[PDB]
Structure formats: structure tokens, C-alpha cells
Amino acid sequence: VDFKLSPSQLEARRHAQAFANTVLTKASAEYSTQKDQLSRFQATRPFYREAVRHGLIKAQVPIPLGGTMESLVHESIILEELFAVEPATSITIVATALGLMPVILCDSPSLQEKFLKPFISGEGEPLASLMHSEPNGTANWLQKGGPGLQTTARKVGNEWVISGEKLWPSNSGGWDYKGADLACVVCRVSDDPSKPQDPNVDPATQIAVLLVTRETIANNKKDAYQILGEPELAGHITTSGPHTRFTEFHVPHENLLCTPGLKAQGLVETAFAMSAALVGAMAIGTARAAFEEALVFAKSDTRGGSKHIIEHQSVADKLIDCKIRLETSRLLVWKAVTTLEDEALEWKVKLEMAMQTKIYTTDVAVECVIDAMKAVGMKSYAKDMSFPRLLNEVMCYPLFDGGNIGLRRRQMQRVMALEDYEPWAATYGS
């Protein structure tokens, strides 16, 4: 085994560092002057445009599909660098990547070519979004005997009609709330939403994914697609994840990601599994920023003492703990993404590895930021340092992209409970 980065991986890092260093660094000056979530988001459009220009959006699509993605390892390296500087715009990129994953994973060349085109063109500010989350929650969306998703779809002729509400999906409403360039709406098939989901059926067999573009939205009545609100977040204040309501929203049958059922649910699961693995790079990035800033401070400040505070064991212990969390996190992420790319491995093995990664990396990231603040002391509580922003943003990772308590841990539990569970299949094989 080896951990020596290839020339292209080293370049991806270099390129990624130069980007946010010369681009993202100027982001705050713009959105910091906005009064609301949406305004802040829109203020980042120019920076997203640059991301596109630098080919960071095209890098989210596989080469075989006209993109420039090299591997999940390159992507993890790039994300770490971006989040280590500015999550703004960087989060918009990962959001788009998620929105594209279902199409990238489906087995319909014509569908991919048609919907991925604006993302591989390298121009404009194409936004993608995987609309799954709902106001009532989704941790139990696959619970047999449960209500199931409240966003339902029914086939009426050569088209589908969507009804329901979504909440949290990133960039779902695009820059101007008239829809994202591409949205994968996850729905539960139901000819009559008024009637509860059959408690005897497997919820996964009721899943359908409908591709919704700005064109789709413009072909519908205005009251068929509307944004009820834009949540004000504690951190990631420039991100958009509106509360959207679909009322008799018509979608062409040609926009069906795939045959409703297990195949559709499998695509959503695969997309979220790959995302869970990459979320680690985001947590590491944010946590690393705190660590390096505390490290720099501890090695150059005595706090009125006779020596740099890093000389005090208690301070060093905190920093040591931070370093270890980051190091173990990155290794787990790399192992996860590489495991996901190993065709010879069973999906259950890949899913477990991805779940572990998301759970661990997001939990310790919070601890790392807090410990860094304790080591720095009172000064870390003022806005003149990065810590205030970092705490609010790191607290999002353990909650988003499938909270650890309600979703990820449960998905992992399920796999571990299987009779043929192979604990170390991803390491020593079978």
C-alpha cells in the first residue's frame, strides 16, 4: 500500500489552493454586506462563475461523460483545500455534484448527455440539486409501515404530477428562485396522496426520481412551483436550501431518471453514500483551518507568559488531539473513496465504509474546532479570528447530508445486522 500522491493529485491540490486563495478569499467582502440568506447566496454567483471557469464544475462529472473528474481522491483533496479557506461557493459546488450524481449513476446515455451538457460546457453558472429532504424529516423515509416521503408523484398520461414539499435541498431554487438548472426530485409514487402508504409494501419499491429543470418549471403554472421560505442557518450563511412546494407540478415522462422502484432508491442511496464519504473532506477542511490557526497562535503567542503557550502541556494536548483527529479523518476518507471505486467489492461493504467515514469525520471535526478554541482561549471568541465562523460551520457536518444519529448510524446498523456481514471485507477481502 502507498500514500504517495500522483503528479495529477499534487496538481489538483495546487490548483485548488490557488483558486480559493485568489478567488474565494474575496468572497466574504461581498456577501458579508448582505442582509439575508438568499442575498448572501446570490452574492456568491460571481465566485461560482469563476469556479466554473476554473473547471471545478466540469471536474464533478466523469470523463466518460464529457467531464474532467480524475477520481474521488482528487475530489477529496480539492474539497479539503477549499473548505480550509472558504466554504462559500465551495459548498455550492458539492451541492451541484450531489444533484448530478443520480444522472451520472443512471444507465441512460441519452438522459445523461441531455441533462449533464450545461455542466460540462464550462460556461455560465449551472446549478444542480438533489431534492430529497422534507419539512417533516426523512430519516424514516424508508421505514416499512411509515408515512413515507410526503412529496408524491403520480403518472397521468405521458407525464408525472408532483405534489408535496421539500426543505433543505441546496440550490434547489437556483440563483433567482425560478429553479436550479437541474434538480433530481425524489418522490414516493402515489395515485392518491390522501391515502397512507401501504404498511405491507417495501417503501423502497415506491421511490421515483423526476428530473426538473428551469424549462420544466416554466412550463407549469406559477402557483405549481413556489418557494415558501429560505432558512437562516447558523453557519454556511451563503448557502441556499429553500422550502419548496409542488402543487400539481407536471413533469414529462422523459424526465424520469429511471423505472420507479428499487432501481430509483438505489441511485439515491448510491449518491448519498458517495456524498457521505466526501463530506469528510469538508469536515477536515473546516477543522484543519481551526487547527492551523490555533497552532500558529500557540507557537507565536506567550499570552503574557515567558514562553509560547504551545510549551504548556495542556495546550499541546489539545493540539495533539486535533492533529490526530484530522490525520485519522483524512485517512478514513481516502480509504472510503478508494473503497467506493473498487468494483470487486460488494456494495454493502462500500456503504459501511462510507457510513463510518461520515459518522467519524463529522463528529471529531466539531471536537477539533472546540479544542482549538480552548487552546487559543478568550481571543478565539472574537470575530477578529476565524473561530467564530468555523464553529458555526463545523456544527453543520454532523447534522447534514444524513444526520449521524437518525440516518447514517441506522444504515450502518442495518448492514452489520445482516447474517453475511463481512467486517473487514474492505481491507482483507474475503
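We number the residues from 1 along the sequence you see.
Between the stretches 22 to 30 and 45 to 53, it is 22 to 30 that shows the larger average CA temperature factor.
Of the two segments examined, 237 to 245 and 331 to 339, it is 237 to 245 that shows the higher average Cα temperature factor in the deposited entry.
Ranking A271, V103, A290, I120 by Cα temperature factor from the entry places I120 first.
Out of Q206, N158, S133, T216, the entry records its largest CA B-factor for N158. Ranked against the other modelled residues of its chain, the C-alpha B-factor of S39 as given in the entry falls in the highest third. The PDB entry assigns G67 a C-alpha temperature factor belonging to the highest third of its chain's modelled residues.
Remark: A344 belongs to the middle third of its chain, ranked by C-alpha B-factor as recorded. Sorting the modelled residues of the chain by their CA temperature factor places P252 in the lowest third. Among all modelled residues in this chain, the alpha-carbon of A417 has a temperature factor (C-alpha) in the middle third.
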